$ cat structure_30.tsv   # TSV, C-alpha atoms
chain	number	residue	atom	x	y	z
J	1	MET	CA	230.11	91.28	307.87
J	2	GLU	CA	231.65	89.62	310.98
J	3	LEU	CA	235.29	90.56	311.65
J	4	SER	CA	236.38	86.89	311.60
J	5	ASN	CA	234.87	86.42	308.11
J	6	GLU	CA	236.81	89.43	306.75
J	7	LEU	CA	240.06	88.16	308.30
J	8	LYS	CA	239.85	84.88	306.33
J	9	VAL	CA	238.96	86.73	303.10
J	10	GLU	CA	242.12	88.88	303.31
J	11	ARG	CA	244.17	85.77	304.15
J	12	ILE	CA	242.76	83.98	301.09
J	13	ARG	CA	243.23	87.04	298.85
J	14	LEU	CA	246.86	87.32	299.99
J	15	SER	CA	247.06	83.49	300.05
J	16	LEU	CA	249.66	83.88	302.83
J	17	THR	CA	251.20	80.83	304.58
J	18	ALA	CA	250.91	80.33	308.35
J	19	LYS	CA	254.40	78.82	308.24
J	20	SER	CA	255.97	82.23	307.52
J	21	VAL	CA	253.59	84.14	309.82
J	22	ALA	CA	254.24	81.89	312.84
J	23	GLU	CA	258.03	82.01	312.27
J	24	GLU	CA	257.99	85.83	312.00
J	25	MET	CA	255.31	86.25	314.71
J	26	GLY	CA	257.24	83.95	317.08
J	27	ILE	CA	254.18	81.91	318.22
J	28	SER	CA	253.07	78.29	317.81
J	29	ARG	CA	251.20	77.54	314.57
J	30	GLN	CA	248.36	76.05	316.64
J	31	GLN	CA	247.93	79.42	318.40
J	32	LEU	CA	247.81	81.15	315.00
J	33	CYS	CA	244.73	79.08	314.13
J	34	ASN	CA	243.21	80.09	317.48
J	35	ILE	CA	243.77	83.81	316.72
J	36	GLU	CA	241.37	83.66	313.75
J	37	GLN	CA	238.94	81.49	315.78
J	38	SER	CA	239.48	83.75	318.82
J	39	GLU	CA	235.72	84.47	318.62
J	40	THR	CA	236.10	88.28	318.78
J	41	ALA	CA	238.97	90.76	319.28
J	42	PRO	CA	239.83	92.00	322.83
J	43	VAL	CA	238.70	95.43	324.12
J	44	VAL	CA	242.34	96.47	323.57
J	45	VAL	CA	241.72	96.69	319.81
J	46	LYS	CA	238.56	98.76	320.42
J	47	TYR	CA	240.49	101.00	322.86
J	48	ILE	CA	243.04	101.72	320.11
J	49	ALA	CA	240.24	102.70	317.71
J	50	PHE	CA	239.00	105.17	320.35
J	51	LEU	CA	242.36	107.00	320.45
J	52	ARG	CA	242.71	106.66	316.65
J	53	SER	CA	239.23	108.16	316.16
J	54	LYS	CA	240.72	111.28	317.80
J	55	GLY	CA	243.33	111.49	315.01
J	56	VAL	CA	246.03	109.94	317.24
J	57	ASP	CA	249.11	108.93	315.20
J	58	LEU	CA	248.32	105.21	315.59
J	59	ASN	CA	250.43	104.31	312.53
J	60	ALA	CA	253.44	106.13	314.01
J	61	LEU	CA	252.90	104.31	317.32
J	62	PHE	CA	253.01	100.88	315.62
J	63	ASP	CA	255.86	102.05	313.36
J	64	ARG	CA	258.06	102.67	316.44
J	65	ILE	CA	257.39	99.16	317.81
J	66	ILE	CA	258.64	97.49	314.61
J	67	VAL	CA	262.43	97.69	314.03
J	68	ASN	CA	263.81	100.20	311.50
J	69	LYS	CA	262.43	103.11	313.58
J	70	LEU	CA	262.28	106.48	311.78
J	71	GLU	CA	265.54	108.48	312.07
J	72	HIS	CA	266.10	112.27	311.99
J	73	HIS	CA	264.57	113.80	308.82
J	74	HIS	CA	266.16	117.17	309.73
J	75	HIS	CA	262.61	118.67	309.60
J	76	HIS	CA	260.99	120.27	312.68
J	77	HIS	CA	257.23	119.67	312.24
K	1	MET	CA	258.44	104.07	325.87
K	2	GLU	CA	256.99	100.56	326.30
K	3	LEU	CA	253.45	99.51	325.27
K	4	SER	CA	251.98	100.72	328.58
K	5	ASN	CA	254.21	103.83	328.69
K	6	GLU	CA	252.92	105.13	325.33
K	7	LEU	CA	249.37	104.16	326.32
K	8	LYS	CA	249.76	106.56	329.25
K	9	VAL	CA	251.15	109.34	326.99
K	10	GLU	CA	248.07	109.37	324.72
K	11	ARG	CA	245.72	109.32	327.73
K	12	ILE	CA	247.69	112.13	329.44
K	13	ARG	CA	248.19	114.07	326.18
K	14	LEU	CA	244.43	114.00	325.51
K	15	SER	CA	243.67	113.77	329.26
K	16	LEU	CA	240.84	111.17	329.09
K	17	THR	CA	239.06	109.95	332.25
K	18	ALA	CA	238.14	106.30	332.85
K	19	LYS	CA	234.48	107.20	333.44
K	20	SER	CA	234.17	109.23	330.22
K	21	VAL	CA	236.06	106.58	328.23
K	22	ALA	CA	234.14	103.67	329.81
K	23	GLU	CA	230.74	105.26	329.01
K	24	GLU	CA	231.82	106.14	325.43
K	25	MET	CA	233.52	102.74	324.96
K	26	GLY	CA	230.50	100.93	326.46
K	27	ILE	CA	232.55	98.75	328.88
K	28	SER	CA	232.84	98.63	332.69
K	29	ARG	CA	235.55	100.74	334.37
K	30	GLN	CA	237.00	97.51	335.82
K	31	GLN	CA	237.57	96.23	332.26
K	32	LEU	CA	239.41	99.47	331.43
K	33	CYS	CA	241.75	98.90	334.40
K	34	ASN	CA	242.46	95.41	333.02
K	35	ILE	CA	243.83	96.98	329.81
K	36	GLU	CA	246.23	99.16	331.84
K	37	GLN	CA	247.38	96.05	333.77
K	38	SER	CA	247.59	94.06	330.51
K	39	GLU	CA	250.99	92.52	329.63
K	40	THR	CA	252.56	93.59	326.33
K	41	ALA	CA	250.38	93.44	323.20
K	42	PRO	CA	248.24	90.29	322.54
K	43	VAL	CA	248.90	87.96	319.58
K	44	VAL	CA	245.56	89.09	318.10
K	45	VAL	CA	246.86	92.66	317.64
K	46	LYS	CA	250.23	91.40	316.33
K	47	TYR	CA	248.44	89.18	313.79
K	48	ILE	CA	246.41	92.18	312.58
K	49	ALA	CA	249.59	94.28	312.27
K	50	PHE	CA	250.87	91.54	309.93
K	51	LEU	CA	247.91	92.10	307.54
K	52	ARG	CA	248.69	95.85	307.51
K	53	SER	CA	252.31	95.04	306.60
K	54	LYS	CA	250.76	93.55	303.43
K	55	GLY	CA	249.14	96.92	302.58
K	56	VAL	CA	245.67	95.67	303.62
K	57	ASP	CA	243.22	98.57	304.08
K	58	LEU	CA	242.73	97.77	307.78
K	59	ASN	CA	241.55	101.34	308.50
K	60	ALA	CA	238.84	101.08	305.82
K	61	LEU	CA	237.72	97.78	307.38
K	62	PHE	CA	236.92	99.39	310.77
K	63	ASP	CA	235.49	102.49	309.08
K	64	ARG	CA	232.95	100.17	307.41
K	65	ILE	CA	231.81	98.71	310.77
K	66	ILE	CA	231.10	102.13	312.34
K	67	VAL	CA	228.25	104.30	310.98
K	68	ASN	CA	226.00	103.03	308.15
K	69	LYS	CA	227.85	101.17	305.37
K	70	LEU	CA	229.53	104.09	303.57
K	71	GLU	CA	230.44	103.38	299.93
K	72	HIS	CA	228.61	105.56	297.34
K	73	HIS	CA	231.36	104.27	295.01
K	74	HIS	CA	230.49	104.14	291.28
K	75	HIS	CA	233.67	105.57	289.73
K	76	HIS	CA	236.42	103.51	288.05
K	77	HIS	CA	238.72	101.57	290.42
$ encode --input "structure_30.tsv" --output "structure tokens"
Amino acid sequence: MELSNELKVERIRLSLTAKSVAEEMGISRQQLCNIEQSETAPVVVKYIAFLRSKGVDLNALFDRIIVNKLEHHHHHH
Amino acid sequence: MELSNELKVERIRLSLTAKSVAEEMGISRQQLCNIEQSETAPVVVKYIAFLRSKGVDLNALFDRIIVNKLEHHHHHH
């Protein structure tokens, strides 16, 4: 299925604009084109899947990086 | 809790060795050290996070790559 081929399909389905992505991403538009043509993803992405495969809260990890971090829900766990 | 700081927490929390991870990952131990010395997250990962922000089933995409193509779907959407 090729990862690059699936990336374009989702982009087309969401018909998103690189203008908004580059402004929000904070990178040059030319680099955005290179990300999809970046041949393959770095071992970093595979490394994350390894920890995720162990049930590691990957979503919570990325949630903390993006602003609007979760506050106190008053619930222990 | 920076990108490398949390990366150390999951490794320490699950206590994973470089040799065990490198053999399971299928990469050289030197490549694993490169990830630890990596600088912040790459634009490739940030671009992918953008697709997830759109509600894209990113997890299902990787699940499809691993193990035979699992689908057995014949029910209504």
$ closest_atom_pairs --input "structure_30.tsv" --of "chain K" --to "chain J" --cutoff "8 Å" --atoms "only C-alpha atoms" --output "tab-separated table"
residue	atom	partner	partner_atom	distance
K:10	CA	J:51	CA	7.5
K:25	CA	J:47	CA	7.5
K:35	CA	J:44	CA	6.4
K:43	CA	J:35	CA	7.2
K:44	CA	J:35	CA	5.7
K:45	CA	J:45	CA	6.9
K:46	CA	J:25	CA	7.4
K:47	CA	J:25	CA	7.5
K:50	CA	J:21	CA	7.9
K:51	CA	J:10	CA	7.9
K:56	CA	J:10	CA	7.7
$ axis_aligned_box --input "structure_30.tsv" --around "segment 33-43 of chain K" --padding-each-side "8 Å" --output "AutoDock Vina command-line options"
--center_x 247.2 --center_y 93.6 --center_z 327.0 --size_x 26.8 --size_y 27.2 --size_z 30.8
$ calpha_fit_and_write --input "structure_30.tsv" --fixed "chain J" --moving "chain K" --output "mmCIF file with C-alpha atoms, in the coordinates of the input"
data_model
loop_
_atom_site.group_PDB
_atom_site.id
_atom_site.type_symbol
_atom_site.label_atom_id
_atom_site.label_comp_id
_atom_site.auth_asym_id
_atom_site.auth_seq_id
_atom_site.Cartn_x
_atom_site.Cartn_y
_atom_site.Cartn_z
ATOM 1 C CA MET K 1 231.391 90.052 306.582
ATOM 2 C CA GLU K 2 231.970 89.561 310.328
ATOM 3 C CA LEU K 3 235.354 89.933 312.090
ATOM 4 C CA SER K 4 236.325 86.329 311.283
ATOM 5 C CA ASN K 5 234.807 86.471 307.771
ATOM 6 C CA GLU K 6 237.001 89.423 306.714
ATOM 7 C CA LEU K 7 239.994 87.812 308.438
ATOM 8 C CA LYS K 8 239.509 84.874 306.064
ATOM 9 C CA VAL K 9 239.216 87.189 303.010
ATOM 10 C CA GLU K 10 242.637 88.798 303.597
ATOM 11 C CA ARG K 11 244.254 85.392 304.202
ATOM 12 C CA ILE K 12 242.592 83.935 301.069
ATOM 13 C CA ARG K 13 243.185 87.104 299.007
ATOM 14 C CA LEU K 14 246.906 87.020 299.865
ATOM 15 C CA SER K 15 246.812 83.215 300.321
ATOM 16 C CA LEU K 16 249.021 82.982 303.462
ATOM 17 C CA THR K 17 249.822 79.613 305.092
ATOM 18 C CA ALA K 18 249.829 79.070 308.864
ATOM 19 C CA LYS K 19 253.394 77.713 308.777
ATOM 20 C CA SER K 20 254.771 80.676 306.801
ATOM 21 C CA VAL K 21 252.830 83.160 308.950
ATOM 22 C CA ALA K 22 253.744 81.414 312.231
ATOM 23 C CA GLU K 23 257.488 81.426 311.389
ATOM 24 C CA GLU K 24 257.375 85.088 310.233
ATOM 25 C CA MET K 25 255.148 86.094 313.182
ATOM 26 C CA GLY K 26 257.356 84.140 315.622
ATOM 27 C CA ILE K 27 254.448 82.313 317.359
ATOM 28 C CA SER K 28 253.360 78.650 317.484
ATOM 29 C CA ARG K 29 250.853 77.413 314.876
ATOM 30 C CA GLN K 30 248.504 76.480 317.748
ATOM 31 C CA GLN K 31 248.431 80.155 318.811
ATOM 32 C CA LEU K 32 247.506 81.131 315.238
ATOM 33 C CA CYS K 33 244.538 78.724 315.351
ATOM 34 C CA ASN K 34 243.427 80.429 318.583
ATOM 35 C CA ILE K 35 243.101 83.744 316.698
ATOM 36 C CA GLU K 36 240.833 82.099 314.093
ATOM 37 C CA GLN K 37 238.697 80.630 316.921
ATOM 38 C CA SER K 38 238.760 83.983 318.760
ATOM 39 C CA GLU K 39 235.373 85.612 319.523
ATOM 40 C CA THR K 40 234.772 89.085 318.082
ATOM 41 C CA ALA K 41 237.473 91.725 318.636
ATOM 42 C CA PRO K 42 239.010 92.141 322.157
ATOM 43 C CA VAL K 43 238.512 95.311 324.238
ATOM 44 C CA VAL K 44 242.245 96.029 323.820
ATOM 45 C CA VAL K 45 241.828 96.516 320.047
ATOM 46 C CA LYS K 46 238.616 98.542 320.534
ATOM 47 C CA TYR K 47 240.398 100.809 323.038
ATOM 48 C CA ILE K 48 243.205 101.406 320.518
ATOM 49 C CA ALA K 49 240.657 102.209 317.783
ATOM 50 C CA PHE K 50 239.354 104.921 320.143
ATOM 51 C CA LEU K 51 242.794 106.639 320.184
ATOM 52 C CA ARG K 52 242.823 106.591 316.354
ATOM 53 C CA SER K 53 239.381 108.248 316.356
ATOM 54 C CA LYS K 54 241.213 111.134 318.083
ATOM 55 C CA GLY K 55 243.630 111.437 315.122
ATOM 56 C CA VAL K 56 246.478 109.810 317.102
ATOM 57 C CA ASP K 57 249.322 108.697 314.801
ATOM 58 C CA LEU K 58 248.863 105.029 315.755
ATOM 59 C CA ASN K 59 250.576 103.871 312.533
ATOM 60 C CA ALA K 60 253.668 105.973 313.316
ATOM 61 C CA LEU K 61 253.741 104.429 316.807
ATOM 62 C CA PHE K 62 254.137 100.855 315.468
ATOM 63 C CA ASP K 63 256.490 102.034 312.714
ATOM 64 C CA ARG K 64 258.789 103.308 315.491
ATOM 65 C CA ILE K 65 258.886 99.886 317.222
ATOM 66 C CA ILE K 66 259.943 97.998 314.062
ATOM 67 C CA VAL K 67 263.395 98.631 312.526
ATOM 68 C CA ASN K 68 265.872 101.033 314.194
ATOM 69 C CA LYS K 69 264.294 104.233 315.565
ATOM 70 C CA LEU K 70 263.657 106.147 312.321
ATOM 71 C CA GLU K 71 263.392 109.931 312.754
ATOM 72 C CA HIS K 72 266.125 111.969 310.967
ATOM 73 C CA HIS K 73 263.710 114.872 311.597
ATOM 74 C CA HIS K 74 265.286 118.357 311.841
ATOM 75 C CA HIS K 75 262.857 120.414 309.737
ATOM 76 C CA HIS K 76 260.150 122.729 311.132
ATOM 77 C CA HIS K 77 257.063 120.985 312.580
#
$ atom_distance --input "structure_30.tsv" --atom1 "atom CA of residue 29 of chain J" --atom2 "atom CA of residue 68 of chain J"
26.1 Å
$ atom_distance --input "structure_30.tsv" --atom1 "atom CA of residue 60 of chain K" --atom2 "atom CA of residue 20 of chain K"
26.1 Å
$ closest_residue --input "structure_30.tsv" --among "K:28, K:39, K:19, K:63" --to "residue 4 of chain K" --atoms "only C-alpha atoms"
K:39
$ atom_distance --input "structure_30.tsv" --atom1 "atom CA of residue 77 of chain K" --atom2 "atom CA of residue 58 of chain J"
27.2 Å
$ decode --input "structure_30.tsv" --residues "segment 39-76 of chain J" --atoms "N, CA, C and O atoms" --output "mmCIF file, in the first residue's frame"
data_model
loop_
_atom_site.group_PDB
_atom_site.id
_atom_site.type_symbol
_atom_site.label_atom_id
_atom_site.label_comp_id
_atom_site.auth_asym_id
_atom_site.auth_seq_id
_atom_site.Cartn_x
_atom_site.Cartn_y
_atom_site.Cartn_z
ATOM 1 N N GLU J 39 10.619 10.112 0.755
ATOM 2 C CA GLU J 39 10.869 8.653 0.571
ATOM 3 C C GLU J 39 10.135 7.846 1.643
ATOM 4 O O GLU J 39 9.032 7.389 1.431
ATOM 5 N N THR J 40 10.744 7.656 2.786
ATOM 6 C CA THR J 40 10.090 6.862 3.879
ATOM 7 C C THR J 40 10.189 7.623 5.201
ATOM 8 O O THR J 40 10.906 8.598 5.318
ATOM 9 N N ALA J 41 9.467 7.188 6.196
ATOM 10 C CA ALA J 41 9.509 7.886 7.513
ATOM 11 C C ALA J 41 10.779 7.462 8.266
ATOM 12 O O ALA J 41 11.323 6.404 8.021
ATOM 13 N N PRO J 42 11.248 8.280 9.177
ATOM 14 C CA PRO J 42 12.475 7.979 9.977
ATOM 15 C C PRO J 42 12.233 6.868 11.011
ATOM 16 O O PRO J 42 11.110 6.575 11.370
ATOM 17 N N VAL J 43 13.282 6.255 11.489
ATOM 18 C CA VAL J 43 13.125 5.166 12.498
ATOM 19 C C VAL J 43 12.417 5.719 13.736
ATOM 20 O O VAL J 43 11.887 4.977 14.542
ATOM 21 N N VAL J 44 12.405 7.013 13.896
ATOM 22 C CA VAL J 44 11.732 7.608 15.084
ATOM 23 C C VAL J 44 10.258 7.204 15.073
ATOM 24 O O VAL J 44 9.704 6.814 16.082
ATOM 25 N N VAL J 45 9.620 7.286 13.938
ATOM 26 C CA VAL J 45 8.184 6.896 13.863
ATOM 27 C C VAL J 45 8.053 5.416 14.233
ATOM 28 O O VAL J 45 7.186 5.030 14.991
ATOM 29 N N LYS J 46 8.915 4.587 13.708
ATOM 30 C CA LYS J 46 8.849 3.132 14.034
ATOM 31 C C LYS J 46 9.105 2.940 15.530
ATOM 32 O O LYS J 46 8.472 2.132 16.182
ATOM 33 N N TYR J 47 10.035 3.676 16.080
ATOM 34 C CA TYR J 47 10.338 3.540 17.532
ATOM 35 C C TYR J 47 9.075 3.851 18.336
ATOM 36 O O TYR J 47 8.762 3.185 19.304
ATOM 37 N N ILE J 48 8.344 4.855 17.936
ATOM 38 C CA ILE J 48 7.098 5.208 18.667
ATOM 39 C C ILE J 48 6.120 4.034 18.584
ATOM 40 O O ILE J 48 5.488 3.667 19.556
ATOM 41 N N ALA J 49 5.993 3.438 17.430
ATOM 42 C CA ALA J 49 5.060 2.289 17.289
ATOM 43 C C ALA J 49 5.486 1.176 18.250
ATOM 44 O O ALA J 49 4.663 0.471 18.801
ATOM 45 N N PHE J 50 6.766 1.010 18.449
ATOM 46 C CA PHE J 50 7.241 -0.061 19.370
ATOM 47 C C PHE J 50 6.698 0.199 20.779
ATOM 48 O O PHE J 50 6.129 -0.675 21.407
ATOM 49 N N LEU J 51 6.856 1.397 21.275
ATOM 50 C CA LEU J 51 6.336 1.725 22.635
ATOM 51 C C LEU J 51 4.801 1.669 22.612
ATOM 52 O O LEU J 51 4.166 1.204 23.543
ATOM 53 N N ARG J 52 4.204 2.149 21.555
ATOM 54 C CA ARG J 52 2.717 2.134 21.459
ATOM 55 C C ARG J 52 2.233 0.684 21.455
ATOM 56 O O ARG J 52 1.245 0.345 22.077
ATOM 57 N N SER J 53 2.923 -0.171 20.751
ATOM 58 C CA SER J 53 2.513 -1.601 20.691
ATOM 59 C C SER J 53 2.457 -2.180 22.105
ATOM 60 O O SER J 53 1.813 -3.182 22.351
ATOM 61 N N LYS J 54 3.123 -1.555 23.039
ATOM 62 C CA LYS J 54 3.109 -2.066 24.440
ATOM 63 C C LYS J 54 1.948 -1.420 25.200
ATOM 64 O O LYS J 54 1.819 -1.568 26.400
ATOM 65 N N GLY J 55 1.098 -0.708 24.509
ATOM 66 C CA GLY J 55 -0.060 -0.056 25.186
ATOM 67 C C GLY J 55 0.380 1.258 25.831
ATOM 68 O O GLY J 55 -0.276 1.773 26.714
ATOM 69 N N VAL J 56 1.484 1.809 25.403
ATOM 70 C CA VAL J 56 1.952 3.089 26.006
ATOM 71 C C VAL J 56 1.009 4.225 25.600
ATOM 72 O O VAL J 56 0.619 4.344 24.456
ATOM 73 N N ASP J 57 0.628 5.047 26.541
ATOM 74 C CA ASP J 57 -0.305 6.171 26.234
ATOM 75 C C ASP J 57 0.323 7.123 25.210
ATOM 76 O O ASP J 57 0.678 8.241 25.530
ATOM 77 N N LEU J 58 0.458 6.698 23.985
ATOM 78 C CA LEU J 58 1.058 7.591 22.952
ATOM 79 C C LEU J 58 0.167 8.816 22.746
ATOM 80 O O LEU J 58 0.645 9.927 22.625
ATOM 81 N N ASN J 59 -1.124 8.627 22.690
ATOM 82 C CA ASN J 59 -2.036 9.785 22.470
ATOM 83 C C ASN J 59 -1.857 10.804 23.592
ATOM 84 O O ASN J 59 -1.815 11.997 23.357
ATOM 85 N N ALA J 60 -1.741 10.353 24.805
ATOM 86 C CA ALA J 60 -1.557 11.303 25.932
ATOM 87 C C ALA J 60 -0.209 12.009 25.772
ATOM 88 O O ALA J 60 -0.071 13.181 26.070
ATOM 89 N N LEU J 61 0.786 11.302 25.308
ATOM 90 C CA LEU J 61 2.124 11.929 25.133
ATOM 91 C C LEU J 61 2.028 13.064 24.108
ATOM 92 O O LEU J 61 2.514 14.155 24.330
ATOM 93 N N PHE J 62 1.393 12.819 22.992
ATOM 94 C CA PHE J 62 1.254 13.887 21.961
ATOM 95 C C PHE J 62 0.286 14.959 22.474
ATOM 96 O O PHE J 62 0.434 16.131 22.184
ATOM 97 N N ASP J 63 -0.702 14.570 23.231
ATOM 98 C CA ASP J 63 -1.673 15.569 23.753
ATOM 99 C C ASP J 63 -0.939 16.605 24.615
ATOM 100 O O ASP J 63 -1.213 17.787 24.547
ATOM 101 N N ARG J 64 -0.009 16.167 25.420
ATOM 102 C CA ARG J 64 0.752 17.117 26.289
ATOM 103 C C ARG J 64 1.586 18.082 25.437
ATOM 104 O O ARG J 64 1.736 19.240 25.771
ATOM 105 N N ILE J 65 2.148 17.620 24.354
ATOM 106 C CA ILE J 65 2.986 18.525 23.516
ATOM 107 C C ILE J 65 2.126 19.665 22.956
ATOM 108 O O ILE J 65 2.529 20.811 22.950
ATOM 109 N N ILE J 66 0.952 19.362 22.480
ATOM 110 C CA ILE J 66 0.079 20.432 21.918
ATOM 111 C C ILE J 66 -0.530 21.260 23.055
ATOM 112 O O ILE J 66 -0.886 20.743 24.095
ATOM 113 N N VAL J 67 -0.622 22.551 22.858
ATOM 114 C CA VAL J 67 -1.180 23.463 23.909
ATOM 115 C C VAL J 67 -2.500 22.910 24.461
ATOM 116 O O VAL J 67 -2.946 21.842 24.092
ATOM 117 N N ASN J 68 -3.130 23.637 25.346
ATOM 118 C CA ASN J 68 -4.415 23.168 25.926
ATOM 119 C C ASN J 68 -4.187 21.831 26.645
ATOM 120 O O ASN J 68 -4.955 20.900 26.504
ATOM 121 N N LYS J 69 -3.127 21.728 27.405
ATOM 122 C CA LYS J 69 -2.842 20.451 28.123
ATOM 123 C C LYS J 69 -4.020 20.096 29.035
ATOM 124 O O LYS J 69 -4.786 20.949 29.437
ATOM 125 N N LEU J 70 -4.176 18.840 29.354
ATOM 126 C CA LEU J 70 -5.313 18.427 30.225
ATOM 127 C C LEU J 70 -5.114 19.005 31.630
ATOM 128 O O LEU J 70 -4.012 19.059 32.138
ATOM 129 N N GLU J 71 -6.177 19.447 32.257
ATOM 130 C CA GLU J 71 -6.060 20.032 33.630
ATOM 131 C C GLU J 71 -6.425 18.973 34.673
ATOM 132 O O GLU J 71 -6.410 17.790 34.400
ATOM 133 N N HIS J 72 -6.741 19.389 35.871
ATOM 134 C CA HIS J 72 -7.090 18.402 36.942
ATOM 135 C C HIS J 72 -8.559 17.971 36.782
ATOM 136 O O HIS J 72 -9.462 18.781 36.841
ATOM 137 N N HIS J 73 -8.801 16.700 36.596
ATOM 138 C CA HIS J 73 -10.207 16.215 36.450
ATOM 139 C C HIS J 73 -10.755 15.856 37.834
ATOM 140 O O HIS J 73 -11.891 15.446 37.977
ATOM 141 N N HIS J 74 -9.947 16.011 38.849
ATOM 142 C CA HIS J 74 -10.386 15.692 40.241
ATOM 143 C C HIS J 74 -10.567 14.177 40.399
ATOM 144 O O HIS J 74 -11.131 13.717 41.372
ATOM 145 N N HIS J 75 -10.089 13.399 39.453
ATOM 146 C CA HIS J 75 -10.228 11.904 39.541
ATOM 147 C C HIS J 75 -8.835 11.283 39.707
ATOM 148 O O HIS J 75 -7.900 11.636 39.017
ATOM 149 N N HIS J 76 -8.694 10.365 40.622
ATOM 150 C CA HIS J 76 -7.367 9.725 40.842
ATOM 151 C C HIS J 76 -6.942 8.958 39.587
ATOM 152 O O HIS J 76 -6.220 9.465 38.750
#
